[PDB]
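Next up: a single chain in structure tokens, the form deposited in one PDB entry.
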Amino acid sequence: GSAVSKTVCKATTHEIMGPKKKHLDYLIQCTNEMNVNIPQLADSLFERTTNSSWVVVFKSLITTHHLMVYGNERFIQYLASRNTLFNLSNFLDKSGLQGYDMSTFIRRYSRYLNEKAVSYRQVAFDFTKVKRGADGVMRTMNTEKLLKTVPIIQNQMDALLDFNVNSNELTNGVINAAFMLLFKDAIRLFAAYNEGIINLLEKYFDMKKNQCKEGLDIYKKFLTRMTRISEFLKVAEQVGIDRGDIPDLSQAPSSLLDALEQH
């Protein structure tokens, strides 16, 4: 409570760096305790986002993202249960140049976190965390749910990619901490998107005709998103990310010729 609220404050001070590991680890432990009240924890994070300073607000966003990734699932479950999440579409800190330049990224980052919650609410699992492979969810899913789901991923991916940062804009510790988390989410989200396309192609011939048509439209949009992903990983390459962590895209885009199995 007070110990929770104080830690939220420490995670979100005016200092120009991401939240410290020590405050983050305590918060993650908080999400794991059955007696902690999640809503009060969340509310303290939303309050920090009404501050006028870009640094405070960005750190609060980052703390929230880190909890959605490393915290107990009950945290993102609560976030998804609300009606309103972040409302920072018009944020602008004019106190200094860094302010003006960071404001745009705050807007875009907060929209991605909203979409991450909405996606959880729509499908009841986190795309980033579920079993991959051949024995996992994305892959062993009936044709109905599939046609339903893939479009939600696409939408979450689009919001992720609208962050649209260049190498030369990654110039302070706050925006870099955000980007590292965005990188992690992007790679897991891609894996899940790809697993679904694989399911589709597998099933795209044995299926009804109007289905086939929804299908086609997804494969379609996947191929342009492929291009955007690759531009995003190239930013990561330019910044210096270990090339071993960057995934190989050389995989599944040559078959656009079922645009004729609508024979």
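Only the largest set of C-alpha atoms that superpose within 1.5 Å between the two forms is called the rigid core. For every residue, the number given is its place in the sequence shown, counted from 1. Shifts are known only where both forms have a C-alpha.
Look at the mean CA B-factor for 60-68 and for 195-203 in the entry; the higher one is 195-203. When the two stretches 86-94 and 142-150 are set side by side, the higher mean Cα temperature factor goes to 142-150. Residue set 40, 51, 230, 210: peak C-alpha B-factor at 210 (per PDB entry). When the modelled residues of the chain are ordered by their C-alpha B factor, residue 34 lands in the highest third. Sort the chain's modelled residues by C-alpha temperature factor and residue 136 lands in the highest third, per the entry.
Sorting the modelled residues of the chain by their CA temperature factor places residue 121 in the middle third. The PDB entry assigns residue 222 a C-alpha temperature factor belonging to the highest third of its chain's modelled residues.
Residue 216 sits in the highest third of its chain by CA B factor, as recorded in the PDB entry.
What follows is about the form deposited in another entry, which we do not show.
In a rigid core superposition between the shown form and the other one, 252 is the single residue of 252, 239, 16, 24 whose Cα is displaced by 2 Å or more. Distance between the C-alpha atoms of residue 258 and residue 212: longer by at least 3 Å in that other deposited form than in the displayed form. A shift of at least 3 angstroms pushes the Cα atoms of residue 258 and residue 202 further from each other in that other deposited form than in the displayed structure. Against the superposed rigid core, the only consecutive-residue run (3 or more long) showing CA movement of at least 2 Å between the shown form and the other one spans 251-263.
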